[PDB]
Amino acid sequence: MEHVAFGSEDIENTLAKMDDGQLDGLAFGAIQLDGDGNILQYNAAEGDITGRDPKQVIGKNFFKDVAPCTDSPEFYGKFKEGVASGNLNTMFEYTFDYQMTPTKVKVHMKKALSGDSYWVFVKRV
């Protein structure tokens, strides 16, 4: 297991070092998005929570294609304000319910140390 706690203040520095294999060792779901919401990385723990196959959703658009339930002011709205602003750090509870058993989660979105990319971290509550 890769040893990083959900919600850690320096999580974006820790995860900067990790390739897709290391990301699969985390204790929580992790998705890396570009500024348009396209999926760049998607780890094994996220697939365990949601049922999606990580390999298959890379390159899809999270808001339009994969996760329409997050296309709302309460999730996508927060994301797009963060991308526009160039800063994002927000944690909230949400329910994921698209083509799956409704599953309550805690979501943390944070701008990556990269460039123009953004993390979404997910764990069960």
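For every residue, the number given is its place in the sequence shown, counted from 1. For clarity, a rigid core is taken as the largest C-alpha set superposing within 1.5 Å between two forms.
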Legend entry - RMS Cα shift after core superposition in 8 other deposited structures of this protein, winner of 26 to 34 and 66 to 74: 26 to 34
Legend entry - Per the entry, higher mean C-alpha B factor between 111 to 119 and 5 to 13: 111 to 119
Inset, instruction - Mind pulling up the entry and telling me whether 20 to 28 or 100 to 108 has the higher mean Cα temperature factor? - result: 20 to 28
Legend entry - Residue with maximal Cα B-factor (values as given in the PDB entry) among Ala67, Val83, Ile49, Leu33: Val83
Inset, instruction - Using the temperature factors in the entry, find which of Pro54, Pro73, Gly37, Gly59 has the highest value at its Cα atom. - result: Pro54
Inset, instruction - Compare the C-alpha B factor of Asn43 with those of the other modelled residues in its chain, then answer lowest, middle or highest third. - result: lowest
Legend entry - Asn87 - which third its CA temperature factor falls in, relative to the rest of the chain: highest
